[PDB]
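In this analysis, Cβ positions are derived from the backbone assuming ideal geometry, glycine residues included, and neighbour counts consider all displayed protein chains. Bear in mind that the values in this text are calculations on the coordinates, not laboratory data.
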Amino acid sequence: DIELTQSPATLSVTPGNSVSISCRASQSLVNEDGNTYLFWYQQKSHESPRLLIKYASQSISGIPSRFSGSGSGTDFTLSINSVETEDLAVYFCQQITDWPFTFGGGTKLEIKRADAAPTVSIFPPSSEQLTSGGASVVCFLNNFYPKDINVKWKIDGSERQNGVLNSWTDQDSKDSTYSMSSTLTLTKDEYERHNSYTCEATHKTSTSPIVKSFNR
Amino acid sequence: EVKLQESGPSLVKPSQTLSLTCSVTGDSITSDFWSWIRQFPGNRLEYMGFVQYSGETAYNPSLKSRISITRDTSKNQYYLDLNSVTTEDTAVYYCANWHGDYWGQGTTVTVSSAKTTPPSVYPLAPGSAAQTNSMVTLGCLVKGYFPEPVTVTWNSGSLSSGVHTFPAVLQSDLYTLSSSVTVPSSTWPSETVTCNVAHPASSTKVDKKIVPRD
């Protein structure tokens, strides 16, 4: 089958700047009838792919002039000449010259934004959950930038590492920020042995950490 | 214009057959060729095959005689049947015209021998002490369910601008996700705020009111 290798796997950009995504095919994509079947797609979070370019460079109607395709044979490029914040998504190349039709593995485009500190919130285990016998303490770290960040849970000042589950949101198309959620899950019995529950966030936006805390 | 829509089961056990339906509205299916494309966890896409207006088909060799694509032209819908599935057949299934000009919304399908587990929906209200703040953040913890997916809305989608729904994580073979909403402190508890949670696999549809901790 014809294999498509995209490069790079991920890249970042500042609105107004341009970006360049490549697609390498294992063999020429020029059909016996001299037509090249290289298609380019844009896929946003929670959506199906959306076709942008057909036949390597032929523009679809309704796609901004921003997007352009070039290349031939085995080497193709998708270029966006003046990136808008809406443009964040995963981009794929596809060939329909040979059977079976194949896709490249995708290229993740991310945006650059001004730095931003996270809004932190801690929540005690709900009564319903404690009734069942477990105790999850949750802390939301919303709307920050850059994505790199550290969270530490502390029980009565004592640092806790085991029992934590973390989850990162995808970058926001509207404001280019990131969000994260951290949960420390304990048995009802273990939670009742301490009083102070603390969530601390360390991020570029500060030398000192943001501390959210509650006591039983 | 041309609008696509997938439908089918959320969970199917190994060795069984998976069957989906693509329902088309707008034009007639005799005006084009139609396909099935799936996306695995990792986001890799595999073109499954297509069916022409004459009933003729092309199937990807990777699906070693386990696939069948047929149609119901009067009903304006086409189908997919995949044999003796295994874990590897877990993915989200999309239907699209053969060139990818139009696509449906996609449908999540998990193949497993594990039993369906409905989520425990717990509310997240701030600890009983507080209030110097102009905004207030609440949340819902959707715990220990299987398989994926579940969807969350706050107040039936009336509250959307300050929402964050986080991707589920796996813990002891079960999924757990959370969602947060931020509103002006003058709206809650003054007015109610409820998170609506749906878990398709177990046919779960629960509304949980966020109550202040007294």
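Just a few scattered comments:
- Residues in the stretch B:194-214 that are among the charged types (D, E, K, R) and in a loop (DSSP other than H, G, I, E, B): B:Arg213, B:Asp214.
- Condition check for A:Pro124: surrounded by 16 or more Cβ atoms within 10 Å (Cβ to Cβ), touching a helix residue (DSSP H, G or I) at 6+ places or on another chain (Cβ under 9 Å) and within 11 Å of chain B (Cβ to nearest Cβ): no
- Among the residues making up the stretch B:25-46, those that are touching a strand residue (DSSP E or B) at 6+ places or on another chain (Cβ under 6 Å) and either free of Cβ contacts under 8 Å to residues at least 12 places away in the same chain or not hydroxyl-bearing (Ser, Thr, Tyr) (or both) are B:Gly26, B:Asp32, B:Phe33, B:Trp34, B:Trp36, B:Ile37, B:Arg38, B:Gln39, B:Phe40, B:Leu45, B:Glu46.
- Qualifying residue in the stretch A:101-109 (condition: within 8 Å of another protein chain (Cβ to nearest Cβ), of a type in the set (A, V, I, L, M, F, W, C) and surrounded by 19 or more Cβ atoms within 10 Å (Cβ to Cβ)): yes
- Scope the stretch B:175-193; condition assigned to a strand (DSSP E or B), crowded, with 16+ Cβ neighbours inside 10 Å and away from every other protein chain (no Cβ under 11 Å); matching residues: B:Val183
- A:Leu130, sole failed condition from (1) closer than 30 Å to A:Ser48 by Cβ; (2) assigned to a helix (DSSP H, G or I); (3) of a type in the set (A, V, I, L, M, F, W, C): (1)
- Sub-8 Å Cβ pairs linking a first residue in the stretch A:43-56 that is facing another protein chain (nearest Cβ under 9 Å) and closer than 17 Å to A:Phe101 by Cβ to a second residue that is in a loop (DSSP other than H, G, I, E, B) and among the polar types (S, T, N, Q), at least 6 apart or interchain, are A:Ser48/B:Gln105, ordered by first then second residue.
- Hey, A:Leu11 within 20 Å of A:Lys108 (Cβ to Cβ), of a type in the set (A, V, I, L, M), touching a residue at least 24 places away in the same chain (Cβ under 8 Å) and in contact with a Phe, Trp or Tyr (Cβ under 9 Å, 6 or more places away or on another chain) or not: no
- Taken together, the residues in the stretch B:160-174 that are surrounded by 11 or more Cβ atoms within 10 Å (Cβ to Cβ), over 18 Å from the mean Cα position of the chain (by Cα) and more than 7 Å from chain A (Cβ to nearest Cβ) amount to 2.
- Strands (runs of 3 or more DSSP E) wholly inside the stretch A:1-79 containing at least 2 residues that are of a type in the set (D, E, K, R): A:50-54
- When the stretch B:121-147 is filtered for residues that are among the small types (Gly, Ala, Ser), more than 7 Å from chain A (Cβ to nearest Cβ) and outside any loop (DSSP other than H, G, I, E, B), only B:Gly144 remains.
- Count of the stretch A:118-141 residues which are of a type outside the set (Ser, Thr, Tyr) and under 11 Å from A:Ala201 (Cα atoms): 5
- Selection within the stretch B:33-87 - within 12 Å of chain A (Cβ to nearest Cβ) and in a loop (DSSP other than H, G, I, E, B): B:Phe33, B:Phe40, B:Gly42, B:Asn43, B:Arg44, B:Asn60
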